[PDB]
**Q** 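Dumping the structure here so I can ask a few things about it.
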Amino acid sequence: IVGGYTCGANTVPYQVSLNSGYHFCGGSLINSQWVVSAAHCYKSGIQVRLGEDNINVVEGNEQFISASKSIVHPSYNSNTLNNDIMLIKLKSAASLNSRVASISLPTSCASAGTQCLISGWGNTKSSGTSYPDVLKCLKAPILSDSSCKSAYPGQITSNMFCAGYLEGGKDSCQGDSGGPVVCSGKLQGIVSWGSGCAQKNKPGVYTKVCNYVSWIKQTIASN
Ligand SMILES: [Ca+2]
């Protein structure tokens, strides 16, 4: 997260870190057994780390649970990033309390102008590289479809939305991938892609979670 703020420990209780020897992506806990992330975050041997603030220090609220199975969206295209969503099942159910909690799925899509919270452990610099140990947060609005398409001609599908600031300086970034965009207590987006980070006229692009609720529910019901 570039141009954000330190969230505070366990203030984003649905945020998870996906670990394969190291943090590599975010995700969102949506029930005791399941995490939503980006399909571009797929790999084998994932450990889901819940209850994290400092990802390099054991601070007392962590639950580390291996994934039993990952399900990339059936129509994910890794070239275009269309349908950039994946479900991850935990081998055992997480213990839920106020520091580790699920986030609700949307029942309606969010509109441009809605304010959201984007979070993660990704790079905090728009030029060069600095990875934080503690969770970072950014409040940002959803942008209009027309501004999003104008920013990224030929690239924005009906399964994507832009959020952030056209002036630059405030965005998600590498290592935030897969993490949440939460608006009015609902998971509306997944950190997906963008041109660099925090660049002028190049806002963040997010997977439009409301399009996937049917798939998520039916997949959980049978897996
Ligand atoms: Ca920790």
Side-chain angles (χ1 to χ4, degrees), residues 1-4 7 12 14-30 34-50 52 55-56 67 70-73 75-88 103 116-138 140 142-143 148 151-152 155-157 159-165 170-183 187-199 202-209 211-212 216:
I1 303 286
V2 178
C7 301
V12 187
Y14 51 86
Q15 172 83 232
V16 311
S17 169
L18 307 182
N19 187 105
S20 60
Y22 45 86
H23 168 84
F24 69 89
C25 272
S28 301
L29 189 65
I30 61 162
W34 288 91
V35 165
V36 170
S37 187
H40 82 262
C41 291
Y42 164 78
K43 58 167 72 184
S44 56
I46 295 174
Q47 186 187 63
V48 176
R49 299 191 165 204
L50 311 104
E52 287 282 20
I55 49 165
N56 277 320
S70 284
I71 302 172
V72 166
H73 193 277
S75 298
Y76 172 56
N77 183 305
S78 60
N79 293 327
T80 63
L81 302 181
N82 196 30
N83 308 293
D84 190 15
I85 185 168
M86 173 182 67
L87 286 163
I88 300 167
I103 190 66
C116 306
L117 185 71
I118 307 177
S119 50
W121 292 273
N123 189 0
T124 61
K125 306 292 217 70
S126 53
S127 299
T129 300
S130 183
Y131 287 85
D133 304 308
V134 301
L135 189 64
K136 305 293 183 163
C137 275
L138 176 65
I142 299 180
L143 300 172
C148 190
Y152 294 105
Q155 301 157 70
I156 304 300
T157 75
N159 300 308
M160 300 171 190
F161 67 91
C162 290
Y165 296 91
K170 298 168 142 203
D171 195 5
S172 60
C173 201
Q174 282 70 47
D176 294 319
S177 290
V181 181
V182 167
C183 319
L187 184 64
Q188 292 285 185
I190 301 165
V191 180
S192 183
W193 64 274
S195 176
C197 303
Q199 303 300 116
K202 293 291 179 184
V205 192
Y206 298 94
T207 309
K208 190 170 175 170
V209 173
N211 296 355
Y212 299 98
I216 293 166

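In what follows, every heavy atom counts, from backbone to side chain, and hydrogens, waters and symmetry copies are set aside. Residue numbers run from 1 in the order of the sequence given.
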**Q** Can you check whether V181 reaches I190 side chain to side chain, under 4.5 Å on heavy atoms?
**A** no

**Q** Any side-chain heavy atom of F24 within less than 4.5 Å of one from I46?
**A** yes

**Q** Is a donor on one side and an acceptor on the other found under 3.5 Å between the side chain of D171 and the backbone of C197?
**A** no

**Q** Does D84 reach the main-chain N or O of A39 with its side chain, forming a donor-acceptor pair under 3.5 Å?
**A** yes

**Q** With rounding to the nearest 0.5 Å, note down the distance linking CD in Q199 to SG in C173.
**A** 9.0 Å

**Q** Looking at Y165, does the NZ or CZ of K170 lie under 6.0 angstrom from its six-membered ring centre and within 45 degrees of the ring axis?
**A** yes

**Q** For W193 and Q155, what are the C-alpha separation, side-chain angles and deciding distance, and is it a side-chain contact (heavy atoms from CB on, under 4.5 Å)?
**A** CA-CA 11 Å; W193 64 274; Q155 301 157 70; 3.6 Å; yes

**Q** Begin from the C-alpha positions of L50 and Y14 and carry the test side-chain contact (heavy atoms from CB on, under 4.5 Å) through to its verdict.
**A** CA-CA 8 Å; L50 311 104; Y14 51 86; over 6 Å; no

**Q** Determine yes or no for a side-chain-to-main-chain donor-acceptor pair under 3.5 angstrom, with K202 supplying the side chain and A151 the backbone.
**A** yes

**Q** Would you mind reporting whether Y152 and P203 have side-chain heavy atoms less than 4.5 Å apart?
**A** yes

**Q** Would you give the length of the straight line joining atom CE of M86 to atom SG of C41, rounded to the nearest 0.5 angstrom?
**A** 6.0 Å

**Q** Can you name the nearest heavy-atom pair linking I88 to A67, along with the distance?
**A** CG2-CB, 3.5 Å

**Q** On a heavy-atom basis, which atom in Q15 and which in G179 lie closest, and how many Å separate them?
**A** OE1-CA, 4.4 Å

**Q** For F161 and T207, which heavy atoms make the closest approach, and how far apart are they?
**A** CE2-O, 3.7 Å

**Q** Given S28, which partner from the list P180, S119, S37 fulfils the side chain to side chain contact (heavy atoms under 4.5 Å, CB included) test?
**A** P180

**Q** Would a 4.5 Å heavy-atom cut-off, applied to side chains only, mark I142 and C116 as touching?
**A** yes

**Q** Is it true that the side chains of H40 and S177 contain a donor and an acceptor less than 3.5 Å apart?
**A** yes

**Q** Taking the side chain as C-beta and beyond, is there a heavy-atom pair between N83 and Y212 under 4.5 Å?
**A** yes

**Q** Any side-chain heavy atom of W121 within less than 4.5 Å of one from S17?
**A** yes

**Q** For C137 and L117, run side-chain contact (heavy atoms from CB on, under 4.5 Å): C-alpha distance rounded to whole Å, both residues' side-chain angles, the deciding distance at 0.1 Å, then the answer.
**A** CA-CA 7 Å; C137 275; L117 185 71; 4.0 Å; yes

**Q** Do you know which of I30, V12, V36, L29 makes side chain to side chain contact (heavy atoms under 4.5 Å, CB included) with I103?
**A** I30

**Q** Which atom names give the shortest non-hydrogen contact between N77 and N79, and what distance separates them?
**A** OD1-N, 2.8 Å

**Q** Under a 3.5 Å distance rule, please check whether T124 uses its side chain to pair with a backbone N or O of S130 as donor and acceptor.
**A** yes

**Q** Can you name the nearest heavy-atom pair linking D176 to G122, along with the distance?
**A** OD1-N, 2.8 Å

**Q** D133 side chain to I55 main-chain N or O, any donor-acceptor pair under 3.5 Å?
**A** no

**Q** If we only count heavy atoms from C-beta on, is the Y206 to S172 side-chain gap below 4.5 Å?
**A** yes

**Q** Between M160 and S192, is any pair of side-chain heavy atoms under 4.5 Å apart?
**A** no

**Q** What heavy-atom pair brings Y131 and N123 nearest, and what distance separates the two atoms?
**A** CE2-N, 3.4 Å

**Q** Check whether the side chains of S20 and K43 place a donor and an acceptor atom closer than 3.5 Å, and report yes or no.
**A** yes

**Q** So, taking the atom named CG in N19 and the one named SG in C25, what distance separates them when rounded to the nearest 0.5 Å?
**A** 11.5 Å

